[PDB]
Student: 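Structure provided below as structure tokens; questions to follow.
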Amino acid sequence: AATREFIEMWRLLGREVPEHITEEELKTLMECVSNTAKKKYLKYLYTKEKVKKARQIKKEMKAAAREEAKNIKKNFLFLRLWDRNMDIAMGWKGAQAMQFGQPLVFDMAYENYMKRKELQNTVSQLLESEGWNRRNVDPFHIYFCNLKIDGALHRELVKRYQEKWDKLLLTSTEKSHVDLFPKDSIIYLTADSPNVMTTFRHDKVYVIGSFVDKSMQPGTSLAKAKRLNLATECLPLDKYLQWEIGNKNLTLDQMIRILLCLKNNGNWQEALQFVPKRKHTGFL
Amino acid sequence: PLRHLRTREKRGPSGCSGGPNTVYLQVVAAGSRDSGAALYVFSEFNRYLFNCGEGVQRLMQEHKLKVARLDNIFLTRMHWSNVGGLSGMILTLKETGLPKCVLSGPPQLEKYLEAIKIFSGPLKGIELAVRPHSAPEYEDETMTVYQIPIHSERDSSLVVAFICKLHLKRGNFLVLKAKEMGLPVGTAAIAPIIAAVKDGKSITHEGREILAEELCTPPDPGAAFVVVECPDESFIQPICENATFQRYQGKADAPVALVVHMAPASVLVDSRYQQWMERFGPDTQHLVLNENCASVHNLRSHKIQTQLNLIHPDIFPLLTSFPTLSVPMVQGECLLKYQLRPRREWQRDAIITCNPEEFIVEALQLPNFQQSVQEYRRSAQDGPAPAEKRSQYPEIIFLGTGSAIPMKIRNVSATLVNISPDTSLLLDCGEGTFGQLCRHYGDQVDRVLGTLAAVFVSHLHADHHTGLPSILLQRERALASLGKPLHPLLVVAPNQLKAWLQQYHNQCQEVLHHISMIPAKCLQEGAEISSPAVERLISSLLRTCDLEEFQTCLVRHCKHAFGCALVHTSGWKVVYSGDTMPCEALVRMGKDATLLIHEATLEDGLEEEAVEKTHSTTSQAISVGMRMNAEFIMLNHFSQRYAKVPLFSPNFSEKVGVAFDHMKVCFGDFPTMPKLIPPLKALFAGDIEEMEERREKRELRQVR
RNA sequence: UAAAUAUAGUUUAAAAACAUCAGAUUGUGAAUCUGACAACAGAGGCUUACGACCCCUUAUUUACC
Ligand SMILES: *O[C@H]1[C@@H](O)[C@H](n2cnc3c(=O)[nH]c(N)nc32)O[C@@H]1COP(=O)(O)OP(=O)(O)OP(=O)(O)O
Ligand SMILES: C[S@@+](CC[C@H](N)C(=O)[O-])C[C@H]1O[C@@H](n2cnc3c(N)ncnc32)[C@H](O)[C@@H]1O
Ligand SMILES: [Zn+2]
Ligand SMILES: [Zn+2]
């Protein structure tokens with residue numbers, strides 16, 4: 001193809017192009033309509049290899065050091081099988097969560113407003129968001145709504161979870177949140193909501209849009225929450241925090257962590273700790 | 001600090017790069033009567049402005065033309081149409097933190113800078129270096145400027161023409177070809193000799209002599225463009241026979257890409273001028289800026305007026321816009337672009353369009369606008385008529401309600417009072433005041449200027465008297481058209497205003513022959529009887545304006561700040577207060593006034609900011625009117641924070657209202673004013689819901 | 001409107017550290033092993049390249065006499 005040599009010459013120009021690239025990555029570069037998009041995408045691949053090789057050089061160093069130390073070189077109550085034990089313990093809590101835990105909904109209706117770069121990141125935060133829920137004392141009953149089976153988000157989640165996807169203790173479905181819970185008990189959280197949330201109510205269902213807008217798209221969730229007559233709310237960031245830098249749209253992992261602390265009787269002092277410190281110059 | 005200075009210092013002596021990648025020529029002012037003529041040059045490393053006229057800064061601020069990056073401002077003539085409005089331009093640069101700005105043009109610029117220091121104060125913080133045409137050629141990272149002084153057959157006969165020349169840009173370097181030839185590429189094996197092949201220098205490699213130009217694309221020789229102004233007929237002959245111009249037109253190795261023509265229609269049709277224009281060659285494009293260009297510059301002002309016109313057509317009148325030649329030319333248009341590098345072409349994509357139909361539709365689709373307007377229309381149009389049918393005069397036209405600097409919606413303070421159909425006076429004259437007058441009346445501007453009886457200046461702040469000269473020259477032109485004899489205008493202003501005009505008169509251009517200034521000190525109550533010459537001028541003011549009394553006082557503002565109070569033989573009294581805090585002297589003078597025009601710069605809760613800034617808040621201004629017992633209160637001189645509408649305090653009664661640009665108010669409209677608020681809130685619902693969030697944020701931030 | 005800023009797990013400084021996901025029946029350095037994900041707001045440009053340089057959008061914080 002004409003694109004293959006297109007890259008090789010860029011290698012002669014030293015356009016920060018990686019050494020080895022799979023054909024799968026080549027067609028992704030094909031989709032790039034602009035040279036700057038190709039320039040940006042290639043740099044991402046280049047740093048991808050740089051971290052891996054630096055990772056590997058520092059990795060074989062670990063093996064070499066450990067084996068050398070070994071060459072130079074009772075009564076127990078429990079066997080060292082802790083990692084397995086915690087996984088089972090979290091599973092039991094997770095099973096209880098889906099029978100009695102408060103429903104937390106992740107809305108997956110934003111797939112049309114996401115590029116591939118942001119769609120990948122959304123799954124990364126979704127993995128972390130669910131990870132923190134599992135380790136929590138009182139996990140939420142996480143709901144994955146509007147998750148099309150053939151959609152990109154569903155396919156990406158399967159690859160990152162592999163066989164664990166079918167064993168996760170969460171409800172994943174194609175039906176909208178309005179079809180699962182009463183419309184009067186649903187609060188669509190969003191930074192653009194004119195209403196400021198003061199108290200975490202345990203009888204309400206909170207909807208978090210699984211949307212990562214690196215290219216800012218204000219009001220996307222508000223329009224969704226206004227097309228259907230659903231209440232909206234926003235965190236009291238300005239009320240308590242001296243915001244100075246950055247955007248007020250927090251990450252999904254931070255969002256669920258903030259809600260998790262609030263649901264555990266924590267006050268705004270503890271709950272808002274998870275907001276990045278670089279964004280605010282103190283608390284009050 | 002600023003970003004651009006760091007980038008410049010990073011490049012060092014313009015190293016690591018040649019000329020700018022792209023350089024285009026954009027028109028900011030098409031040359032209309034209201035907006036004047038101006039030209040804007042864009043480049044990767046530098047930006048230049050030509051003929052900074054009155055209101056030019058407003059246009060650049062409105063059309064996303066960044067001001068914090070300008071380097072030089074070129075003036076083709078020392079005439080208020082070209083240097084006027086420059087004072088406000090300098091302040092804008094100072095606010096942005098620009099360290100130095102270079103001015104080029106006639107050698108009268110240095111005297112003008114010290115002339116503006118009388119009222120503008122010290123220009124500390126920004127270095128003003130005047131570069132007269134006698135100075136050597138100016139060299140930049142982008143282009144060289146040749147200043148040509150032209151003298152017609154201080155100095156009023158001097159016109160400066162600029163012959164710019166873009167520097168040669170190094171061509172692209174073909175990496176693929178060099179490697180095949182046997183030139184290693186990569187690491188230090190390419191870094192040293194890549195510059196040599198890029199700079200056009202022959203390089204020797206392993207005994208092989210390689211010409212740099214061979215392995216690189218043909219470098220751009222550097223397009224040249226000319227900016228020339230021909231004010232009148234007396235300037236054609238010197239321009240045609242100028243020796244310097246001949247070096248760029250008849251020659252074949254020094255082509256001219258473009259030639260800006262800031263000349264009237266009569267000059268262009270001249271036979272001598274036509275031959276000179278053709279002498280540049282058929283390959284030279286010609287751009288003309290004059291009054292023939294019909295275009296809309298203040299698009300936002302037109303848009304908002306059309307939306308407001310729906311509420312009340314009379315109170316919100318719609319704005320009205322004011323030959324085959326051998327050599328073809330392109331008529332100037334706002335935002336019209338002419339690229340000079342890398343392609344020579346006319347870029348017409350950025351030209352704005354003024355179609356009202358979109359504006360009306362946009363207003364109607366708003367949530368509660370149409371319903372509110374319809375509700376008000378039936379309650380007023382079909383409602384009971386007032387028992388007292390007041391006369392159609394006096395009518396107050398609020399040409400400007402700005403505080404410090406003009407913006408898209410609000411211009412600096414300026415109010416026109418029409419005492420009768422054949423007489424009027426201006427209560428204030430800020431920068432661009434004439435432009436508002438021309439826009440508000442169009443073809444009727446000359447008639448209105450002919451009825452101008454007197455002009456009042458509250459104080460020496462630049463936002464109150466910087467537009468007076470523009471009125472004088474335009475009034476002189478307007479009077480000549482009607483054939484009326486030319487007589488000096490009556491100006492009421494502080495004594496120190498003479499120094500700024502006297503300095504300008506003796507160094508820049510004769511303007512005092514249009515002025516018969518009455519000091520504001522002798523017009524106060526119980527004031528000492530001045531010289532008989534001043535006394536007869538006072539008698540003229542009352543007679544010409546048909547005013548029973550013209551009072552004045554000292555308001556709580558900067559030193560030598562005065563208010564106003566108009567009394568008419570009929571009985572109605574109009575009281576105007578410039579920038580002032582709540583003052584007791586104003587209350588005594590304006591007692592039982594018919595209409596009150598009071599400053600409302602700041603909102604509620606900004607009381608502390610008002611005393612330091614020496615102004616009044618919305619509630620403070622309203623309370624003054626009630627203390628004065630005025631039949632109605634008009635608020636103007638709003639801060640630029642409330643660009644569209646000020647915050648509506650709960651104290652707003654039926655005797656108060658806000659002011660808008662190009663807004664006509666008559667004594668018979670007072671009962672209607674309270675009913676116009678609900679439609680205004682719907683129209684400005686978005687701006688209304690954004691202003692109080694800052695107030696909510698303000699309280700928390702100060703509390704913190 | 002203008003000027004500085006913007007790290008999508010979080011910080012540091014101009015690439016790392018601590019975290020995240022999958023697999024592990026671990027003899028108590030699992031304090032590990034084999035994988036997954038590594039985009040310093042976004043988009044479009046310039047250049048042999050540069051995180052440089054240059055426009056445009058959104059967002060944040062200040063100022064708007
Ligand atoms: O462009 C701004 C600006 O001119 C003015 N404005 C609004 N808030 C402020 C402020 O706090 N301080 C200053 N100096 N100027 C302010 O109003 C305009 C607001 O821009 P918008 O795009 O939001 O308004 P609109 O919906 O009418 O569209 P547009 O045509 O002006 O872009
Ligand atoms: C990072 S935000 C991005 C989407 C954003 N709401 C928009 O419309 O562009 C992703 C999700 O986190 C939640 N969220 C982010 N910041 C929030 C805040 N400050 N208050 C409440 N919810 C927030 C929102 O519900 C949103 O669906
Ligand atoms: Zn003022
Ligand atoms: Zn003032």
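Convention: sequence-line order gives letters A, B, ...; per-chain numbering from 1. Note that these values count all heavy atoms, side chains included, but never hydrogens, waters or copies made by symmetry.
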Student: Go through C/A3, C/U48, C/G27 for me and flag the one nearest to the B/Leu2 side chain.
Tutor: C/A3
Student: Check for me whether A/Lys74 meets the cation-pi criterion with A/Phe76, that is, NZ or CZ under 6.0 Å from the six-membered ring centre and within 45 degrees of the ring axis.
Tutor: yes
Student: Taking all atoms of both residues into account, what is the closest heavy-atom pair of B/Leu2 and B/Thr96, and its distance?
Tutor: CD2-O, 3.2 Å
Student: By the 4.0 Å heavy-atom rule, please label A/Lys58 as base, sugar-phosphate, or nothing.
Tutor: sugar-phosphate
Student: Taking the six-membered ring of B/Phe173, is the NZ or CZ of B/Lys198 close enough (under 6.0 Å from the centre) and on axis enough (within 45°)?
Tutor: no
Student: Rounded off to whole Å, could you give me the NZ-to-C1' distance for the A/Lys279 and C/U5 pair?
Tutor: 13 Å
Student: With the 90 degree cut-off around zero defining syn, does C/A4 come out syn or anti?
Tutor: anti
Student: What contact category does A/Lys115 fall into here, base, sugar-phosphate, or nothing, at under 4.0 angstrom with non-hydrogen atoms?
Tutor: sugar-phosphate
Student: Checking B/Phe638 now: which residues fulfil ring-ring contact (aromatic ring centres under 6.0 Å, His included) with it, not counting sequence neighbours?
Tutor: none
Student: Base, sugar-phosphate alone, or nothing: which one does B/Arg58 contact when heavy atoms must sit under 4.0 Å apart?
Tutor: nothing
Student: Could you check whether B/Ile194 gets within reach of a base, just the sugar-phosphate, or nothing at all, counting any heavy atom under 4.0 Å?
Tutor: base
Student: Please tell me if B/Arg69 has a side-chain N or O lying less than 4.0 Å from either OP1 or OP2 of C/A2.
Tutor: no
Student: Round to a whole Å and report the spacing from CG of B/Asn21 to P of C/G44.
Tutor: 17 Å
Student: Describe the nucleic acid contact of B/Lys697 in one word from base, sugar-phosphate, nothing, applying a heavy-atom distance below 4.0 Å.
Tutor: sugar-phosphate
Student: Using the P atoms only, state how far C/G9 lies from C/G42, rounded to an integer number of Å.
Tutor: 12 Å
Student: Would you mind reading off the distance between A/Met90 atom CE and C/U20 atom P, rounded to a whole angstrom?
Tutor: 10 Å
Student: Provide the distance between the two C1' atoms, one in C/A30 and one in C/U25, to the nearest whole Å.
Tutor: 13 Å
Student: Test the consecutive nucleotides C/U7 and C/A8 for base stacking (six-membered ring centres under 5.5 Å, planes under 30 degrees) and report the result as yes or no.
Tutor: no
Student: Go through C/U47, C/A22, C/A4 for me and flag the one nearest to the A/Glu163 side chain.
Tutor: C/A22
Student: Taking all non-hydrogen atoms of both residues into account, name the closest pair between A/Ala191 and A/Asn249 and its distance.
Tutor: CB-OD1, 3.4 Å
Student: For the side chain of A/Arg80, counting heavy atoms from C-beta on, which of C/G27, C/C54, C/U58 is nearest?
Tutor: C/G27
Student: Given the rule that positive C1'-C2'-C3'-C4' is north and negative is south, which one is C/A59?
Tutor: north
Student: If the sugar-phosphate is the primed atoms plus P, OP1 and OP2 and the base is the rest, what is the B/S/- string for nucleotides 35-40 of chain C, using protein heavy atoms under 4.0 Å?
Tutor: -SSBB-
Student: Return yes when atom NZ of B/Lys179 has more than 12 non-hydrogen atoms of other residues, nucleotides or ligands closer than 6.0 Å, and no otherwise.
Tutor: yes
Student: Which way does the sugar of C/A16 pucker, north or south, judged by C1'-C2'-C3'-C4'?
Tutor: north
Student: Would you mind telling me which residue lines up with the more 5' stretch of RNA chain C, A/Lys62 or B/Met407, judged by nearest nucleotide?
Tutor: B/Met407
Student: Between A/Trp132 and A/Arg135, is there a cation-pi geometry (under 6.0 Å to ring centre, at most 45° from the normal)?
Tutor: yes
Student: Checking contacts here: which listed nucleotide (C/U62, C/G51, C/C55) is nearest the side-chain heavy atoms of A/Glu16?
Tutor: C/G51
Student: Please look at the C1'-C2'-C3'-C4' dihedral of C/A36 and say whether its sugar is north or south.
Tutor: north
Student: Once you round it to whole Å, what is the distance between P of C/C64 and CZ of B/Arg641?
Tutor: 5 Å
Student: Quick check: are there more than 12 heavy atoms from other residues, nucleotides or ligands sitting under 6.0 Å from NZ of A/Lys62?
Tutor: yes
Student: Within the 4.0 Å heavy-atom criterion, would you say A/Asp83 contacts the bases, only the backbone, or no part of the nucleic acid?
Tutor: base
Student: Separation of A/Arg278 atom CZ from C/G9 atom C1', in whole Å?
Tutor: 10 Å
Student: Do C/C40 and C/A39, which sit next to each other in the strand, have six-membered ring centres within less than 5.5 angstrom and planes differing by under 30°?
Tutor: no
Student: Does B/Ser43 or B/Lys198 map to a spot on RNA chain C nearer the 5' end, using the closest nucleotide for each?
Tutor: B/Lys198
Student: Counting a pair only when it is Watson-Crick or G-U and both distances are under 3.5 Å, which runs of at least 3 such pairs involve RNA chain C?
Tutor: C:1-4 with C:60-63, C:9-12 with C:15-18, C:21-24 with C:32-35
Student: By the 4.0 Å heavy-atom rule, please label A/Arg134 as base, sugar-phosphate, or nothing.
Tutor: sugar-phosphate
Student: Can you figure out which of C/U1, C/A6, C/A8 approaches the side chain of A/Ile245 most closely?
Tutor: C/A6
Student: B/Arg341 and B/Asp220: salt bridge (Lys or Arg N to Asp or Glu O under 4.0 Å), yes or no, with the steps?
Tutor: CA-CA 8 Å; B/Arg341 181 180 296 167; B/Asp220 175 38; 3.1 Å; yes
Student: Measuring from the side chain of B/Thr7 (C-beta onward, heavy atoms only), which nucleotide among C/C53, C/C46, C/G9 has the closest atom?
Tutor: C/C53
Student: Looking for any heavy atom pair under 4.0 Å, which part of the strands does A/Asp192 touch: base, sugar-phosphate only, or nothing?
Tutor: nothing
Student: Quick check for you: among C/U48, C/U20, C/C65, whose closest atom lies nearest to any side-chain atom of B/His615?
Tutor: C/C65
Student: Could you measure between the two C1' atoms, the one in C/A59 and the one in C/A49, and give it in whole Å?
Tutor: 31 Å
Student: Counting side-chain heavy atoms from C-beta on, which of C/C53, C/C64, C/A19 comes nearest to B/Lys613?
Tutor: C/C64
Student: Please report the distance separating the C1' of C/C65 from the corresponding atom of C/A15, rounded so that it comes out in whole Å.
Tutor: 48 Å
Student: One thing to verify: whether B/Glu9 and B/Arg6 come together as a salt bridge, which I'm taking to mean a side-chain N less than 4.0 angstrom from a carboxylate O.
Tutor: no
Student: Over all heavy atoms of both residues, which pair between A/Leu252 and A/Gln125 is shortest? Give the atoms and the distance, please.
Tutor: N-OE1, 3.2 Å
Student: Indicate whether A/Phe76 forms a stack on C/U28; treat it as stacked only if centroid distance is below 5.5 angstrom and interplanar angle below 30 degrees.
Tutor: yes
Student: Atom CG of A/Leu127 to atom P of C/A22: distance rounded to whole Å?
Tutor: 7 Å
Student: Near B/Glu696 CD, under 6.0 Å, is it more than 12 heavy atoms from other residues, nucleotides or ligands?
Tutor: no
Student: With the stacking criterion set to ring centres under 5.5 Å and planes under 30°, output yes or no for C/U47 and C/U48.
Tutor: no
Student: Take atom CZ of A/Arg15 and atom P of C/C46, then tell me their distance rounded to the nearest Å.
Tutor: 10 Å
Student: Categorise the sugar of C/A52 by the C1'-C2'-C3'-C4' dihedral sign as either north or south.
Tutor: north
Student: I need the single residue from B/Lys10, B/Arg11, B/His4 that forms a side chain to side chain donor-acceptor pair (under 3.5 Å) with B/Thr7. Which is it?
Tutor: B/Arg11
Student: Using atom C1' in both nucleotides, what's the gap between C/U48 and C/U1 to the nearest angstrom?
Tutor: 41 Å
Student: Please find the pair of heavy atoms, one from A/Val275 and one from A/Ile258, that lie closest to each other, and give the distance.
Tutor: CG2-CD1, 4.1 Å
Student: Looking across every strand, which nucleic acid part, if any, lies under 4.0 Å from A/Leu79 by heavy atom: base, sugar-phosphate, or nothing?
Tutor: base
Student: Work out the sugar pucker of C/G51 as north or south, treating a positive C1'-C2'-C3'-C4' as north.
Tutor: south
Student: Take the six-membered rings of bases C/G29 and C/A30, measure centre-to-centre distance and interplanar angle, and say whether these fall under 5.5 Å and 30° respectively.
Tutor: no
Student: Look at the side chain of A/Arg84 and decide which nucleotide, out of C/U25, C/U47, C/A15, has an atom nearest to it.
Tutor: C/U25
Student: Check every atom of C/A22, C/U61, C/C54 against the side chain of A/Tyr161 and return the nucleotide holding the closest atom.
Tutor: C/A22
